[PDB]
Amino acid sequence: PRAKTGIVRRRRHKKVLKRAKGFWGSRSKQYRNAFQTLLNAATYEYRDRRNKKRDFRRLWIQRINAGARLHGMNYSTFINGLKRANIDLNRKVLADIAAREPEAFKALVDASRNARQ
Amino acid sequence: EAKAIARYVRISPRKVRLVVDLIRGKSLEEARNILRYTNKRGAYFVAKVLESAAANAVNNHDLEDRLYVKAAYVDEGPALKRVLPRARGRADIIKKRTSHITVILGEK
Amino acid sequence: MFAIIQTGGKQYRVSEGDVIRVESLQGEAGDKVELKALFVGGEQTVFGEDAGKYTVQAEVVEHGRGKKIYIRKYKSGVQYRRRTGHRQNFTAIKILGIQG
Amino acid sequence: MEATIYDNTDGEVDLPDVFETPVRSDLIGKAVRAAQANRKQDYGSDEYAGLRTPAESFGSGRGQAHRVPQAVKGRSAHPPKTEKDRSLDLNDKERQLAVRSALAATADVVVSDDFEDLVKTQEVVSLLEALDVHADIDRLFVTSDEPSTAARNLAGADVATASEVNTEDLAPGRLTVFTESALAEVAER
RNA sequence: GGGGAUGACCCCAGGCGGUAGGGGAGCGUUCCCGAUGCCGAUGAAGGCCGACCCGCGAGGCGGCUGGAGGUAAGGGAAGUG
RNA sequence: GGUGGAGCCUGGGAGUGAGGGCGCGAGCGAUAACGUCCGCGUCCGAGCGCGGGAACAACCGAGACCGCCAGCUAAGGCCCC
RNA sequence: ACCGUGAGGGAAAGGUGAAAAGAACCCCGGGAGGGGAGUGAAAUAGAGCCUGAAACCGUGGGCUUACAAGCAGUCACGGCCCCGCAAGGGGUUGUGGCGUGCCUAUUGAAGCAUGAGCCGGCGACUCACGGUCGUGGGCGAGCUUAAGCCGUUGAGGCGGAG
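Protein chains in written order, with the deposited numbering: chain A1, 2 to 118; chain AS, 2 to 63, 65 to 110; chain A2, 1 to 100; chain AF, 1 to 7, 11 to 69, 79 to 120, 138 to 168, 193 to 225, 230 to 246.
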């Protein structure tokens with residue numbers, strides 16, 4: 002009939018403890034606010050999980066701009082001649098490379114420039 | 002290297018601590034003079050601790067004068083739960099807090 | 001020795017440094033195997049051409065290992081008396097870049 | 001069929020329809036339960052300790068909040093009610109049915142009457158040499198109207214009788234030997 | 001739903017935010033079986049730490065601790081989380 | 001009837017039995033109130049959690065099983081933050 | 001033990017070791033208490049002396065710290081430090097993005113409404129007899145009392161008012 006839940010609850014708590022990396026001086030061992038602190042941490046990072054890809058959307062968006070603009074035309078334009086496209090449509094790694102191989106991009110820029118005018 | 006340690010000490014963990022924090026990672030002799038003419042309580046207690054430490058030291062752990071303190075720390079422990087006036091109702095205690103005294107003697 | 005292709009997604013900028021890859025339970029299985037991924041990023045030894053110019057040839061890599069969801073924990077919470085939880089899923093077989 | 005008569012080399016007898024049949028587990032277990040079930044005992048947490056003393060549930064207004081439940085070493089909460097009807101009485105027909113199909117299971138070894146006479150546990154040693162085995166390890194002692202004396206105490210003692218032996222007895230994973238009027242138990246069956 | 005061998009596999013349909021609340025299914029916890037079950041001084045347990053398993057409640061496992069246990073591959077029981 | 005997937009009866013197990021917010025049609029009410037009263041749609045329900053309108057449940061778009069370094073659009077925006 | 005004048009209330013405190021062999025002597029010291037030596041299987045087993053975890057205070061190190069907001073953080077990237085599951089992770093963070101705690105009861109909740117200062121152990125839908133619907137299963141007529149007898153284990157069987 003004995004229910005010495007012991008060893009047990011201690012266990013879980015250390016559990017959440019491990020959940021507990023190092024964070025703010027205090028939830029650091031706050032055997033409770035610890036727990037909570039977690040709860041939020043978590044939902045949070047979830048939110049982060051989907052967010053991220055966007056932040057990137059932008060990220061590229063810019064390295065991007067550095068380049069498209071560099072040559073002499075905005076994303077309105079790029080995107081357009083670009084879509085005139087046909088056997089080629091690619092946006093992500095684009096910029097990355099404007100960086101990575103000057104020419105590669107260059108070229109790209111050209112063909113596109115023309116895509117347009 | 003060898004050391005000095007005493008529990009069931011009846012003193013200010015804290016204040017005690019300033020004492021040591023100061024005779025600190027420094028010369029045996031020198032700090033010795035530090036406990037010697039330094040103010041506040043413990044001073045004594047501490048200097049004692051040192052004495053036992055270095056004695057302990059060249060006697061059976063062994065080069066007298068090249069020794070200094072290699073580290074020093076105090077740790078609070080068993081309490082002295084003091085029962086004072088009831089809230090002119092419910093007692094109110096205050097704990098004298100026994101203090102643990104530890105110091106390292108090591109040659110140069 | 002660096003080319004940029006794409007696969008059931010981008011995952012790309014590769015050559016020989018086997019770049020872990022999405023699931024593809026249909027051709028994988030095939031242990032050390034060769035497989036064709038269509039180009040669209042011929043950037044090689046300082047000469048690049050259109051991705052469609054490409055859309056014709058490409059390459060192959062060697063199907064190489066089975067990667068089991070590198071751990072990542074999901075704590076499902078909301079003040080809203082809502083708590084549930086699960087760990088990752090994602091996984092992928094590694095293939096080494098075979099350039100042509 | 002194969003109802004092997006002890007005294011080895013000696014004759015054969017027949018397995019009756021009764022035991023024959025095909026088997027009823029859900030029930031078997033039931034039997035079992037029936038068994039330990041009416042057998043157990045019972046427990047309790049002090050009525051007195053639990054609702055004895057005088058509790059002064061400190062009014063209110065004062066900075067607190069209230079012989080009752082939830083502080084310590086007392087109360088219980090919903091304890092080993094010494095007050096809890098331990099029995100479990102399955103049901104006659106049910107039960108005997110049980111000893112029944114179960115025993116069938118046992119058939120899956139034939140105590141030749143003469144044996145009701147052997148007068149020494151070392152003699153047991155003997156019949157033993159006669160048919161030892163791990164199933165033997167199982168070993193269940195059955196005589197048929199008033200026990201096979203000595204047989205009754207050995208590294209496996211017990212001695213049910215042609216009337217009064219049951220699944221409890223041995224349906225429980231074991232293997233055994235009942236004397237022929239024990240087959241009279243059969244009769245019971 | 002279309003076959004399923006026990007898995008499982010495949011297609012699409014087909015959604016899958018959720019409190020009171022209603023239905024399924026699992027997890028560890030100290031007990032009674034040791035359903036032709038027993039490990040351990042070269043460690044029982046509990047402790048102390050961890051970039052293999054589980055969706056998970058948990059597992060395993062390896063390291064150090066500490067002195068004596070107790071597990072149950074399966075069902076039963078409940079002062080259970 | 002294009003539909004597809006709710007529809008009906010029998011029975012066990014339920015919760016809440018007092019919400020409010022908006023648009024519209026009445027009351028009342030100084031056509032006064034993030035007032036209330038009924039009504040017709042939705043809304044919101046401690047997650048109808050994302051977008052936005054600054055920030056703002058909650059009003060316009062929107063249904064959130066799970067994939068960080070993909071792509072097309074809502075509403076709403078594109079001198080700068 | 002103790003508050004109560006009184007009637008009355010009514011704690012908390014078990015474990016070292018195999019057995020003391022419990023710690024001569026030497027060492028600092030007013031001493032306690034600390035160091036040696038001896039037991040020893042260990043004494044970070046040492047006398048309130050098994051297993052003695054958390055809270056919390058200390059002592060050394062890595063990193064990090066003075067134009068800066070926030071619990072939190074977490075997504076990105078960088079610098080420095082360790083690579084007992086090495087070309088990948090470990091810890092820490094400068095910056096930058098986005099970000100209102102947790103629980104009750106609420107039309108509605110950061111909450112400035114409540115709840116709760118920290119950690120560890122206690123702690124709350126059960127039992128019994130009725131009845132009920134579901135079902136697993138034994139016969140369809142099905143079924144059992146009180147008892148009598150049988151009992152390492154101690155074995156169930158027989159009882160036919162109802």
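Don't be surprised by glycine CBs; every beta carbon is placed ideally from N, CA and C.
Inset, instruction - Tell me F235 (chain AF)'s beta-bridge partners as DSSP assigns them. - result: Within the fourth sequence, residue 235 (chain AF) is the residue found at index 178, counting from 1. Bridge partners of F235 (chain AF): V195 (chain AF).
Inset, instruction - Determine the chain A2 residues that contact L40 (chain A1) at a beta-carbon separation under 9 Å, and present them in chain order. - result: Along the first sequence, one-based indexing puts residue 40 (chain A1) at 39. By Cβ distance, chain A2 contributes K75, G77, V78, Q79 and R83.
Legend entry - Contacting positions in the stretch 63 to 75 of chain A1 - beta carbon closer than 8 Å to chain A2: none
Legend entry - Any alpha helix (DSSP H) of 4 or more consecutive residues that is wholly inside the stretch 6 to 51 of chain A1: 7 to 20
Legend entry - Partners in chain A2 for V94 (chain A1), counting only beta-carbon separations shorter than 8 Å: Working through the first sequence from its first residue, we reach residue 94 (chain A1) at position 93. Ordered by position in chain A2, the residues that pass the 8 Å Cβ test against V94 (chain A1) are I4, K10, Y12, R13 and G41.
Inset, instruction - Find the nearest neighbour of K110 (chain AS) within the set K27 (chain AS), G43 (chain AS) and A32 (chain AS), judged by alpha-carbon distance. - result: As a first step, residue 110 (chain AS) is located in the second sequence; it is residue number 108 there, counting from the start. Ranking the options by Cα distance to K110 (chain AS), first place goes to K27 (chain AS).
Legend entry - Proximal residues of chain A1, C-beta to C-beta of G66 (chain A2) below 8 Å: Here residue 66 (chain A2) refers to the residue found at position 66 when the third sequence is read from its first residue. For the C-beta of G66 (chain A2), not a single chain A1 residue is nearer than 8 Å; the gap to the nearest is close to 24 Å.
Inset, instruction - Just mark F106 (chain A1) as buried or exposed, buried being the case when its beta carbon has 16 or more other beta carbons within 10 Å. - result: Residue numbering aside, residue 106 (chain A1) sits at position 105 when the first sequence is read from its first letter. With 16 or more Cβ atoms within 10 Å of its Cβ, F106 (chain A1) is classed as buried.
Legend entry - CA nearest to the CA of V22 (chain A2), picked from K94 (chain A2), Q99 (chain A2) and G100 (chain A2): The sequence position of residue 22 (chain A2) within the third sequence is 22, counting from 1. Checking every option, the nearest Cα to that of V22 (chain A2) belongs to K94 (chain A2).
Inset, instruction - Please decide whether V19 (chain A2) counts as near chain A1, where near means a Cβ-Cβ distance under 8 Å. - result: Counted from its first residue, the third sequence places residue 19 (chain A2) at position 19. Chain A1, which has no Cβ nearer than 8 Å to the Cβ of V19 (chain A2), makes this no.
Inset, instruction - Tell me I4 (chain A2)'s beta-bridge partners as DSSP assigns them. - result: Taking the first residue of the third sequence as position 1, residue 4 (chain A2) is located at position 4. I4 (chain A2) pairs with nothing; no bridge assigned.
Inset, instruction - Measure the beta-carbon distance from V71 (chain AS) to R25 (chain AS) and round it to whole angstroms, keeping in mind my assumption that it falls under 8 Å. - result: If you number the second sequence from 1, residue 71 (chain AS) lands on position 69. If you number the second sequence from 1, residue 25 (chain AS) lands on position 24. That pair is a contact at about 6 Å.
Inset, instruction - Note the first and the last residue of the continuous alpha helix (DSSP H) segment covering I166 (chain AF). - result: As a position in the fourth sequence, residue 166 (chain AF) is number 137, starting the count at 1. Segment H163 to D167, the alpha helix (DSSP H) holding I166 (chain AF).
Legend entry - Identity of the residue in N91 (chain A1), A100 (chain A1) and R101 (chain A1) nearest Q6 (chain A2) by Cα: Taking the third sequence and counting its residues from 1, one reaches residue 6 (chain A2) at position 6. The shortest C-alpha separation from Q6 (chain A2) is found at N91 (chain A1).
Inset, instruction - Measure the beta-carbon distance from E145 (chain AF) to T196 (chain AF) and round it to whole angstroms, keeping in mind my assumption that it falls under 8 Å. - result: Mapped onto the fourth sequence, residue 145 (chain AF) falls at position 116. Mapped onto the fourth sequence, residue 196 (chain AF) falls at position 143. That pair is a contact at about 6 Å.
Inset, instruction - Could you pull the start and end residues of the beta strand (DSSP E) that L109 (chain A1) belongs to? - result: To locate residue 109 (chain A1), count along the first sequence from 1; it is residue 108. Unbroken run through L109 (chain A1) is the alpha helix (DSSP H), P103 to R117; no beta strand (DSSP E).
Inset, instruction - Reducing DSSP to helix, strand and coil, say where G91 (chain AS) ends up. - result: To locate residue 91 (chain AS), count along the second sequence from 1; it is residue 89. Residue state, collapsed to three classes: coil.
Legend entry - In DSSP terms, what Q57 (chain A2) is bridged to: Residue 57 (chain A2) sits at position 57 when you count from the first residue of the third sequence. The partner list for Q57 (chain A2) (beta bridge, DSSP) reads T55 (chain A2).
Inset, instruction - Compare the C-alpha of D97 (chain AF) against each of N206 (chain AF), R42 (chain AF) and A204 (chain AF) and name the closest. - result: Locating residue 97 (chain AF) in the fourth sequence gives position 85, where the first residue counts as 1. That would be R42 (chain AF), whose Cα lies nearest to the Cα of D97 (chain AF).
Inset, instruction - For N91 (chain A1), return the contacting residues in chain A2, with the cut-off set at a CB-CB distance below 8 Å. - result: Position 90 of the first sequence, counting from 1, holds the residue named residue 91 (chain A1). Result: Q6, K10, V40, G41 and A51.
Legend entry - Exposure of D222 (chain AF), with buried meaning 16 or more beta-carbon neighbours within 10 Å: For the purposes of this step, residue 222 (chain AF) is taken as the residue at position 169 of the fourth sequence. Its Cβ being crowded by 16 or more others within 10 Å, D222 (chain AF) is buried.
Inset, instruction - Can you pull the chain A1 residues whose beta carbon is under 8 Å from the beta carbon of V46 (chain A2), in chain order? - result: In the third sequence, counting from the first residue as 1, residue 46 (chain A2) sits at position 46. In chain order: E102 and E104.
Legend entry - Separation of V21 (chain AF) from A244 (chain AF), as counted between CA atoms: Numbered from its first residue, the fourth sequence carries residue 244 (chain AF) at position 187. Numbered from its first residue, the fourth sequence carries residue 21 (chain AF) at position 18. Separation of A244 (chain AF) and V21 (chain AF) (C-alpha to C-alpha, rounded to the nearest whole angstrom) is 10 Å.
Inset, instruction - Please check the pair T44 (chain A1) and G77 (chain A2), which I expect to be a contact at CB under 8 Å, by giving their CB distance rounded to whole angstroms. - result: Taking the first sequence and counting its residues from 1, the one referred to as residue 44 (chain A1) is at position 43. Taking the third sequence and counting its residues from 1, the one referred to as residue 77 (chain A2) is at position 77. Yes, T44 (chain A1) and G77 (chain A2) are in contact; Cβ-Cβ is about 4 Å, under 8 Å.
Inset, instruction - Consider the Cβ of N87 (chain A1): report whether some Cβ of chain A2 lies at a distance smaller than 8 Å. - result: As a working note, residue 87 (chain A1) is residue 86 in the first sequence. So yes, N87 (chain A1) belongs to the interface.
Inset, instruction - Spell out whether any CB of chain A2 is found under 8 Å from the CB atom of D56 (chain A1). - result: Mapped onto the first sequence, residue 56 (chain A1) falls at position 55. So, not an interface residue.
Legend entry - Boundaries of the alpha helix (DSSP H) in which residue 64 (chain AS) is found, first to last residue: One cannot assign coordinates to residue 64 (chain AS), given that chain AS in this structure leaps from 63 to 65.
Inset, instruction - Taking C-beta pairs closer than 8 Å, name the residues in chain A1 that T55 (chain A2) reaches, listed in chain order. - result: Position 55 of the third sequence, counted from the first residue, corresponds to residue 55 (chain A2). Residues of chain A1 passing the Cβ test: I88 and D89.
Legend entry - Residues within the stretch 19 to 33 of chain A1 neighbouring chain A2, beta-carbon criterion of under 7 Å: Hits within the stretch: zero.
Legend entry - Test: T44 (chain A1) CB closer than 8 Å to a CB of chain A2: Stepping through the first sequence from its first residue, residue 44 (chain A1) is reached at position 43. Chain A2 contact via Cβ: present.
Inset, instruction - Compare the beta carbon distance of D198 (chain AF) and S238 (chain AF) with 8 Å and say whether it is the shorter of the two. - result: Numbered from 1 along the fourth sequence, position 145 holds the residue referred to as residue 198 (chain AF). Numbered from 1 along the fourth sequence, position 181 holds the residue referred to as residue 238 (chain AF). Result yes, Cβ atoms of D198 (chain AF) and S238 (chain AF) sit closer than 8 Å.
Legend entry - DSSP three-state assignment for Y46 (chain AF), whether helix, strand or coil: Here residue 46 (chain AF) corresponds to residue number 43 of the fourth sequence, with the count starting at 1. Note: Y46 (chain AF) maps to coil in three-state DSSP.
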